[PDB]
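Protein chains in written order, with the deposited numbering: chain H, 123 to 221, 272 to 398; chain Z, 344 to 453; chain A, 289 to 453; chain C, 123 to 178; chain S, 344 to 398.
Beta carbons are placed, not taken as given, at the ideal position from N, Cα and C, and that holds for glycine.
Working notes, beginning with the structure itself.
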Amino acid sequence: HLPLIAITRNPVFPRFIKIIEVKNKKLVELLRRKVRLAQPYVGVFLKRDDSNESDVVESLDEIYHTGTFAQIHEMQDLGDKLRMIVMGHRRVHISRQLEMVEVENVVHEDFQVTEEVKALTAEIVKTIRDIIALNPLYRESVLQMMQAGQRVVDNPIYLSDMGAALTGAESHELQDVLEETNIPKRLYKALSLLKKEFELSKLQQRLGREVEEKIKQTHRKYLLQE
Amino acid sequence: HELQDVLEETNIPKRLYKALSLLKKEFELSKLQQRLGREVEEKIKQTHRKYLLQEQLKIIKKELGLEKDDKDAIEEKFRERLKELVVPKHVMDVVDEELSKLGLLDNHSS
Amino acid sequence: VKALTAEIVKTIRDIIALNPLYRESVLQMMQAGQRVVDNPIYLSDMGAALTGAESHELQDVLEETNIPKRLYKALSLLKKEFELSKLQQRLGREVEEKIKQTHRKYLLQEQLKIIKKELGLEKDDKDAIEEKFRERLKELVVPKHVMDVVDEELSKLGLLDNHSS
Amino acid sequence: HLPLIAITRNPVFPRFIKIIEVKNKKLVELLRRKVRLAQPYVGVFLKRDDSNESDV
Amino acid sequence: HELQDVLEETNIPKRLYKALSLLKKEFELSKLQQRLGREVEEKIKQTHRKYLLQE
Numbered sequence: 123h124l125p126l127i128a129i130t131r132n133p134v135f136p137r138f139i140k141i142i143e144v145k146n147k148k149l150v151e152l153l154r155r156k157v158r159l160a161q162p163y164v165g166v167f168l169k170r171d172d173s174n175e176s177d178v179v180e181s182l183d184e185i186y187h188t189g190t191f192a193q194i195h196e197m198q199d200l201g202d203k204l205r206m207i208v209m210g211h212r213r214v215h216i217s218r219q220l221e272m273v274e275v276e277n278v279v280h281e282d283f284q285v286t287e288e289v290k291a292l293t294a295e296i297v298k299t300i301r302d303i304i305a306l307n308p309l310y311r312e313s314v315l316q317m318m319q320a321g322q323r324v325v326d327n328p329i330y331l332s333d334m335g336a337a338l339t340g341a342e343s344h345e346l347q348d349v350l351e352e353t354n355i356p357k358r359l360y361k362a363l364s365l366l367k368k369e370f371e372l373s374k375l376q377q378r379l380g381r382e383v384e385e386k387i388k389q390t391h392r393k394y395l396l397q398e
Numbered sequence: 344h345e346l347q348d349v350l351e352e353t354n355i356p357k358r359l360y361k362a363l364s365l366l367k368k369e370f371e372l373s374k375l376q377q378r379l380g381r382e383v384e385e386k387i388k389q390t391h392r393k394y395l396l397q398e399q400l401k402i403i404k405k406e407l408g409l410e411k412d413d414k415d416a417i418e419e420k421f422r423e424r425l426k427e428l429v430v431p432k433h434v435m436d437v438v439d440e441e442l443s444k445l446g447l448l449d450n451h452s453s
Numbered sequence: 289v290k291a292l293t294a295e296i297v298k299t300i301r302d303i304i305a306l307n308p309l310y311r312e313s314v315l316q317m318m319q320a321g322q323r324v325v326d327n328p329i330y331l332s333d334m335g336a337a338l339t340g341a342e343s344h345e346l347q348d349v350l351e352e353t354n355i356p357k358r359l360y361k362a363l364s365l366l367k368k369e370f371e372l373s374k375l376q377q378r379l380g381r382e383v384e385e386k387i388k389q390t391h392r393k394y395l396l397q398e399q400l401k402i403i404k405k406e407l408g409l410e411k412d413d414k415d416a417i418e419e420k421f422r423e424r425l426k427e428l429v430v431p432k433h434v435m436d437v438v439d440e441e442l443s444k445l446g447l448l449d450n451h452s453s
Numbered sequence: 123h124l125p126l127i128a129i130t131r132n133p134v135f136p137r138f139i140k141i142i143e144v145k146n147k148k149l150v151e152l153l154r155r156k157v158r159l160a161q162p163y164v165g166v167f168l169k170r171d172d173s174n175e176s177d178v
Numbered sequence: 344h345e346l347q348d349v350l351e352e353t354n355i356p357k358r359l360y361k362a363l364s365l366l367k368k369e370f371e372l373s374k375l376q377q378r379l380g381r382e383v384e385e386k387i388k389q390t391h392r393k394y395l396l397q398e
């Protein structure tokens, strides 16, 4: 029974550390009111299209039904007065956020036979390796800690979510991947997100090499003219 | 576990045949996945080429090296300057071609 | 009393690293951890030789009689050179980054044009005008003497860009 | 006659160079004690279903 | 022509000597072009670097 938080353009992918710094100070009152608790926590929800902070505080239907509840780790507040840490621990698809009642309706069907189902996983981490190699966003040390050979991925859905966090897909798209209920549908959608980034990247790369070689063809003949 | 089972076999034809059978099943799994993924990839390819050309359009727009604001202001300014005049055709077409030249050129060339 | 020497040799290594004047092999021959500095006055003088300080300054360093005073003055000289070196280095990177921001932004703008040059590769102007001249030309009982020029000039029009004078 | 190594989800196929990086520091004492040994060696084995380091 | 001339030679040390001479003669021409190219490039560096100084 806490008011929804004003996410204000802050996606919290499952099992991916994130920070929330809302500019309003009315949310700090709620963050300071939970410091008396022995186990403080915060919930994370996603916003709908045409974001609006005034509608988030006026009505509670703007926020999507999906939520990722988690516990806070620790406040720092070095520069601003609202530096909260968020995490994706318990995913949820609230039946009605307006009513607040909640239930962990985390559907997760998976085949018993997990032999053919991990061959695509090899391609997912390979696509992540090519996405971080051709489009490096974050460090590769997390990939060396959590290896493929060394099967220490106790939560594959979470590893896929952490890998999908590298995707540049719109927040809406993330909600759409969460909307998918079957596990192979969301898995292919995550792969689709990767491909959508991949197409643009390849376009940019071809365009860049083309312009650069044109510059080389320019200047090299100028060296010849010299 | 499967590796240990393949190692338990002592005779060479037995382990070789078991290894090949294991290769057959693994290749069958990888093939069905590669085909299902090709089908899904085709279902993603179903998105129209207009969207791709729209992507190139937004790529053009989302840049900080596009048409000069100063030139656009002069462009509209001279257009409104002509808006009300009983303009002869000669000056009209010459003004239009020169305005294109204005759009093309850099903001500091003489 | 030997604590100042450690900062003097670290500053001299930073002076030859950021402003390399002479080789560092003399610095490895006479190091501070192998009991190879039998003459500190001489080592300070040799270290002070790397300085670019004015002759006047050298005389000023000689005026000092006490050892920590001349060492401190030598340090002041070191700071004067260090100040000049860091100024030049920052200044150089600044000018170069201005050049990079120049050319790089031109690379982006160049990309913008190239992709907005042949966005639709249909010669909406070049071809329409050449074909236009052709049908307008088609019906006349033309001299062949002119056809040579018109066709080669058609090729030149196919080469040149539209905006060009 | 050496204690079993804590493979910890690391398959070492025969005649295939492999690297082992256990997080525990208890295996380094045995690795430092075999450098002084005349013949330095280590054995590699495979684990059964449902891996468990406490059972190893 | 030179290849045929090397074939005309019958002794083995004569063709070997000519082959070495052929190799050096081409190398000499190559090196002349290479020296000229690096020289032109160094001239360009001395050009532009002074422009960096003037700027």
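Neighbourhood of residue i by C-beta, 8 Å cutoff - its chain only, sequence neighbours within 5 removed
i: H/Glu369; result: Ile303, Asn307, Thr339, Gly340 and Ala341
i: A/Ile417; result: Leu445
i: Z/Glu352; result: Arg358 and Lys361
i: A/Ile329; result: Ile355
i: H/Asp199; result: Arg205
i: A/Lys374; result: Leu306
Beta carbon proximity, residue i to chain H, threshold 9 Å
i: residue 337 of chain Z; result: Not covered by the structure: residue 337 of chain Z. The range shown for chain Z is 344 to 453.
i: S/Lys388; result: no
i: Z/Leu375; result: yes
i: S/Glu385; result: no
i: Z/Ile403; result: no
Interface flag, residue i vs chain A, CB-CB below 9 Å
i: Z/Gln397; result: no
i: Z/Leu407; result: yes
i: Z/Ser443; result: yes
Cβ distance (whole Å) where residue i is taken to contact residue j below 8 Å
i: H/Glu281; j: H/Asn354; result: 7 Å
i: H/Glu345; j: H/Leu365; result: 6 Å
i: H/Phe135; j: H/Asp326; result: At roughly 18 Å, the Cβ-Cβ gap does not stay under 8 Å, so H/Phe135 and H/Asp326 are not in contact.
i: A/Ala320; j: A/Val297; result: 6 Å
i: A/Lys404; j: Z/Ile403; result: 6 Å
i: A/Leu400; j: Z/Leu409; result: 6 Å
i: H/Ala291; j: Z/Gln376; result: 5 Å
i: H/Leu124; j: H/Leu152; result: 6 Å
i: H/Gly189; j: H/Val214; result: 5 Å
i: H/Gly210; j: H/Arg323; result: Between H/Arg323 and H/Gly210 the Cβ distance is about 22 Å, and since that is not below 8 Å, they are no contact.
i: H/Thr130; j: H/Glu196; result: Actually they are not in contact, since the Cβ atoms of H/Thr130 and H/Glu196 sit about 21 Å apart, beyond 8 Å.
Neighbourhood of residue i by C-beta distance below 7 Å, restricted to the same chain and skipping five residues each side
i: H/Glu143; result: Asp202, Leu204 and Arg205
Extent of the continuous alpha helix (DSSP H) run through residue i
i: H/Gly189; result: From DSSP, H/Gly189 is part of no alpha helix (DSSP H) but of the beta strand (DSSP E) over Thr188 to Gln193.
i: H/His215; result: Segment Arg212 to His215 is the beta strand (DSSP E) holding H/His215; no alpha helix (DSSP H) there.
i: A/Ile417; result: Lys414 to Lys426
i: Z/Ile403; result: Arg392 to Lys404
i: A/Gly446; result: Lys432 to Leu447
i: H/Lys148; result: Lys148 to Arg155
i: H/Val179; result: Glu175 to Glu180
Short CB-CB distance (under 9 Å) between residue i and chain C
i: Z/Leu359; result: no
i: Z/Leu346; result: yes
Residue span of the beta strand (DSSP E) that contains residue i, given as start and end
i: A/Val297; result: No beta strand (DSSP E) contains A/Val297, which is instead part of the alpha helix (DSSP H) from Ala291 to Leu306.
i: H/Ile142; result: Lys140 to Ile142
i: H/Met206; result: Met206 to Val208
i: C/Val166; result: Neither: C/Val166 is in no beta strand (DSSP E) and is coded neither H nor E.
9 Å Cβ cutoff, residue i in contact with chain Z
i: H/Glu288; result: yes
i: C/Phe135; result: yes
i: A/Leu448; result: no
i: H/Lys368; result: yes
i: H/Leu372; result: yes
i: A/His451; result: yes
i: H/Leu306; result: no
i: A/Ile417; result: no
i: H/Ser364; result: yes
Other residues of its chain near residue i: CB distance less than 6 Å, five sequence neighbours each side excluded
i: H/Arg212; result: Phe191
i: H/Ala336; result: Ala362
i: Z/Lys411; result: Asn450
i: C/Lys156; result: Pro162
Residue i CB to nearest heavy atom of the ligand HEM below 8 Å
i: H/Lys361; result: As far as ligands go, the structure on display features none, and thus does not contain the ligand HEM.
- prompt: What are the complete beta strand (DSSP E) segments, minimum 3 residues, inside the segment 328 to 361 of chain A?
  reply: The qualifying runs do not exist here; there are none.
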